[PDB]
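Engineer: Following this: a sequence and the matching experimental structure.
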Amino acid sequence: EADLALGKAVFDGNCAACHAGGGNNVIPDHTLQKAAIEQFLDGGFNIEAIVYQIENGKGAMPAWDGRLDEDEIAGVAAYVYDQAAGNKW
Ligand code: HEM
């Protein structure tokens, strides 16, 4: 169901590794923030754009293609989007 709690559970395990509290450890300022997305993200503040990054891996970010399920992928994207939009970073 591309759930946010699912998305969180994924995030917490998989993404937090580099992005702890939306907190990009590799490129300090390239955080999971709305603003940071809208500047740095190529594809803009769009679910498509988010998902695409997570799938395919981009710059210094690993690809999650087939490592996460489709729903899982969608959930983590949705969650990140919700966090950003809501400012729950
Ligand atoms: C876990 C599956 C995971 C998610 C979710 C995630 C999201 C994410 C987004 C949405 C961006 C864009 C942020 C912005 O535009 O400012 C992004 C960017 C980077 N990530 Fe990430 N990310 C997840 C996992 C990981 C892992 C495990 C690493 C660390 C090895 C990592 C690193 C990075 C880096 C670097 C970037 C910037 C690269 C770029 O977009 O050019 N991510 N991530």
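Structural biologist: Received the coordinates, thanks. Numbering: from 1, shown residues only.

Engineer: what helix or strand is residue 8 on?
Structural biologist: Using DSSP states H and E, the element containing residue 8 is helix 4-10.

Engineer: outside of that helix, which residues touch it?
Structural biologist: 68, 71, 72, 75, 76, 77, 78, 79, 80, 82 (Cβ atoms under 8 Å, 6 or more residues apart in numbering). Where you see a C-beta, it was placed from the backbone N, CA and C, and this is true even at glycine.

Engineer: For the last one, give me its contacts.
Structural biologist: Listed by Cβ under 8 Å, 6+ apart, the contact partners of residue 82 are 4, 7, 88.

Engineer: mind redoing it with 7 Å?
Structural biologist: Counting by Cβ atoms under 7 Å, 6 or more residues apart in numbering, residue 82 touches residue 4.

Engineer: in the strand or helix carrying it, what counts as buried?
Structural biologist: Assigned by DSSP H and E, residue 82 falls within helix 70-86. Judged by neighbour count (16 or more other Cβ atoms under 10 Å), helix 70-86 contains these buried residues: 72, 73, 74, 75, 76, 77, 78, 79, 80, 81, 83, 84.

Engineer: The fifth one against residue 12, yeah?
Structural biologist: No - contact between residue 76 and residue 12 fails when scored by Cβ atoms under 7 Å: they sit 10.0 Å apart.

Engineer: How about residue 72, nearest residue that isn't a chain neighbour?
Structural biologist: Spatially, and ignoring its direct neighbours in sequence, residue 72 is nearest to residue 10 (5.6 Å; Cβ to Cβ, 6 or more residues apart in numbering).

Engineer: Any residues of this protein in contact with the ligand? List them.
Structural biologist: 11, 14-15, 17-19, 24, 26-27, 30-32, 36-37, 40-41, 50, 53-54, 58-62, 64, 76, 80 (Cβ under 6 Å from any ligand atom).

Engineer: what's the burial count for residue 43?
Structural biologist: 14 (other Cβ atoms under 10 Å).

Engineer: tell me which element the closest residue to residue 40 other than its chain neighbours is part of?
Structural biologist: In space, and not counting its chain neighbours, residue 40 is closest to residue 30: 5.3 Å by Cβ to Cβ, 6+ apart. For residue 30, there is no host helix or strand (DSSP H and E).
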